[PDB]
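Colleague: First the structure, which I've put down as structure tokens, then a few questions once you've had a look.
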Amino acid sequence: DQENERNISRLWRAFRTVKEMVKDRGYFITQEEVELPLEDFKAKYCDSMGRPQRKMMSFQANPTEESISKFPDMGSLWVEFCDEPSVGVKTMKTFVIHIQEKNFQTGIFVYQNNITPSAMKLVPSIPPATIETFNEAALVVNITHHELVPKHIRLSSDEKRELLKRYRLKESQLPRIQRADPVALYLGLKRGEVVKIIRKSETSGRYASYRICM
Amino acid sequence: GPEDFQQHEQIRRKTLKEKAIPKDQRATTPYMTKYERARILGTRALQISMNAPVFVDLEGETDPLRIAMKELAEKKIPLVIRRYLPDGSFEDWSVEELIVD
Amino acid sequence: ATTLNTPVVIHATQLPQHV
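Protein chains in written order, with this note's numbering: chain G, 1 to 214; chain B, 215 to 315; chain D, 316 to 334.
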């Protein structure tokens, strides 16, 4: 083992940031699971031969009670990995059908190297269930930990209507955050729901800004 | 014929009444802004120049803008500022209800 | 014929009612 250790470290970092993403989105995740040592990762999600197996890397998450109160329509979530360089349409159907038969509102799918176009036309094909796509690379660092990236908090519709009535606004007159913005993907931002940004200002310290996903 | 106008007038009045913000819940600055002060002075000066009644003692003065400044000092300007919110909704603050500076 | 001696626009509120 001279580089497989580096590959496993990359997998461990991606796993940690996936857990952090789920916890931020608002499903029950524990700091015991987040702060997971590399040796524990080896002993748990790696076999004797040093092979990273991702069948058991998958996990299911449920909303916290606070999240249930804040957003009534928070369903269960499903995260899946894959060992293949390219995820196939059969392996993607085994995910979509699984999402349907397990009654999951959201599902997170990742892929090692690339995702074929053949498997990319089914992720938006089964509403209301939402399927989001990610890479094991380009995820090994949580962008929300970057000091330039501020704190984004998804705003519930109850306080969104309060903001809109306070500023006498349409949804369209707010500053806009792109649906494909990396933080929007992190937050799992559907279109139409506003995000609150706590900006650290050089002049006035902390002030709250708002964007809308659209 | 005329009833089309009656409908249009009803709609205009209804939209006006919906846009107006009632006095009990206007959330704008108590202070008169510098722009409002300048325009109140200018408009009151114009009205005095066009032979309007004046509510202050003229100390043998001839400048309409000076007369308006005197009226503002003694709070005798019969004007109202209609502050416009971005959505078209508006509030109404009287001149004597505002504090200069 | 100015905005100081004649109304700008005139409209009929209702139909003319004979008295």
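Backbone N, C-alpha and C fix where the C-beta goes; we use that ideal spot for every residue, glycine too.
Assign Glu305/B to one of three DSSP states: helix, strand, or coil.
Modeller: It is a strand residue.
Colleague: Looking only at C-alpha atoms, which of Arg253/B, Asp306/B, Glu288/B and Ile313/B sits nearest to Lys237/B?
Modeller: Nearest C-alpha to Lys237/B: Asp306/B.
Colleague: Could you tell me the distance, in whole angstroms, from the CA atom of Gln53/G to the CA atom of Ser69/G?
Modeller: If you take the alpha carbons of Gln53/G and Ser69/G, they lie about 36 Å apart.
Colleague: For a cutoff of 9 Å on Cβ pairs, would you count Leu330/D as touching chain C?
Modeller: This model lacks chain C altogether, as its protein chains are G, B and D.
Colleague: Around the C-beta of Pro63/G, are 16 or more other C-beta atoms found within 10 angstroms, so that it is buried, or is it exposed?
Modeller: Label assigned to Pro63/G: buried.
Colleague: For a quick check, are the C-beta atoms of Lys151/G and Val194/G less than 9 Å apart?
Modeller: In this structure, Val194/G does not lie closer than 9 Å to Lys151/G by Cβ.
Colleague: Can you tell me the Cα-Cα spacing of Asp315/B and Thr242/B, whole angstroms?
Modeller: Taking the straight line joining both Cα atoms gives about 15 Å.
Colleague: Using the Cβ count rule (16 or more neighbours within 10 Å means buried), how would you classify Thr116/G?
Modeller: Exposed, by the Cβ-count rule.
Colleague: Got a sec: which bits of the region 170-182 of chain G sit with their beta carbon under 7 Å from any beta carbon on chain B, in order along the chain?
Modeller: Listed by position, the residues of the region 170-182 of chain G near chain B (Cβ gap below 7 Å) amount to none.
Colleague: Tell me which same chain residues have a C-beta within less than 6 Å of the C-beta of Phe59/G, skipping the five on either side of it?
Modeller: The residues are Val79.
Colleague: Please compile the residues from chain D whose C-beta is within a distance smaller than 8 Å of the C-beta of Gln220/B.
Modeller: Simply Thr328 and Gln329.
Colleague: Just tell me which of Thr17/G, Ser209/G and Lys42/G has its CA closest to the CA of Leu187/G.
Modeller: Out of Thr17/G, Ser209/G and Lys42/G, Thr17/G has the C-alpha closest to the C-alpha of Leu187/G.
Colleague: Between the region 271-303 of chain B and chain G, which residues of the former have CB atoms less than 9 Å from a CB of the latter, in chain order?
Modeller: Residues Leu299, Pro300, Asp301, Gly302 and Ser303.
Colleague: Please classify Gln112/G as buried or exposed, where buried requires at least 16 neighbouring CB atoms within 10 angstroms.
Modeller: Flag for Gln112/G reads buried.
Colleague: Between the alpha carbons of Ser204/G and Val149/G, how many angstroms are there, rounded?
Modeller: One C-alpha to the other measures close to 18 Å.
Colleague: What residue range is occupied by the uninterrupted beta strand (DSSP E) comprising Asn135/G?
Modeller: Unbroken beta strand (DSSP E) run through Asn135/G: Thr130 to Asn135.
Colleague: Rounded to the nearest angstrom, what separates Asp218/B and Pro267/B at their Cα positions?
Modeller: Approximately 40 Å between the Cα atoms of the pair.
Colleague: To the nearest angstrom, how far is the alpha carbon of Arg168/G from that of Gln239/B?
Modeller: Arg168/G and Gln239/B: Cα-Cα distance of roughly 14 Å.
Colleague: Give the range of the alpha helix (DSSP H) segment to which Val96/G is assigned.
Modeller: Run containing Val96/G: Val89 to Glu101, per the alpha helix (DSSP H) assignment.
Colleague: Would you grab the beta carbon distance between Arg251/B and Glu285/B for me? Rounded to a whole angstrom, and I think it's under 8 Å.
Modeller: With 8 Å as the limit, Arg251/B and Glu285/B do not qualify as a contact, their Cβ atoms being about 12 Å apart.
Colleague: Who does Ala208/G pair with in a DSSP beta bridge?
Modeller: Beta-bridge pairing links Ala208/G to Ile198/G.
Colleague: Taking DSSP as the reference, what is the three-state secondary structure of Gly107/G?
Modeller: DSSP places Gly107/G in strand when its eight states are reduced to three.
Colleague: What number of angstroms, rounded off, separates the C-alpha of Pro124/G from the C-alpha of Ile131/G?
Modeller: Going by the C-alpha atoms only, they are around 7 Å apart.
Colleague: What whole-angstrom Cβ distance do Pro244/B and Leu299/B have, given they're in contact under 8 Å?
Modeller: With a Cβ gap of about 16 Å, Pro244/B and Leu299/B do not count as contacting.
Colleague: Going along chain D, which residues have a C-beta under 8 Å from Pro216/B?
Modeller: What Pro216/B touches in chain D: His326, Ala327, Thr328, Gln329 and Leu330.
Colleague: Does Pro127/G pass the burial test, meaning 16 or more other C-beta atoms within 10 Å, or should it be called exposed?
Modeller: Result: exposed.
Colleague: Note down, in chain order, every chain B residue with its Cβ under 7 Å from the Cβ of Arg168/G.
Modeller: Within 7 Å Cβ-Cβ: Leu299, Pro300, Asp301 and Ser303.
Colleague: Closer than 9 Å, CB to CB, is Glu223/B near chain D or not?
Modeller: Yes, contact with chain D.
Colleague: What residue from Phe104/G, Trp12/G and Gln31/G has the CA that sits closest to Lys44/G's CA?
Modeller: If we check each option's Cα against that of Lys44/G, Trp12/G comes out closest.
Colleague: Cβ atoms of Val110/G and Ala14/G: under 9 Å apart, would you say?
Modeller: Yes, these two residues count as a Cβ contact at 9 Å.
Colleague: Leaving aside the five residues before and after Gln261/B along the sequence, list all residues of the same chain whose C-beta is less than 7 Å from its C-beta, in chain order.
Modeller: So the list is empty, once near-sequence residues are dropped.
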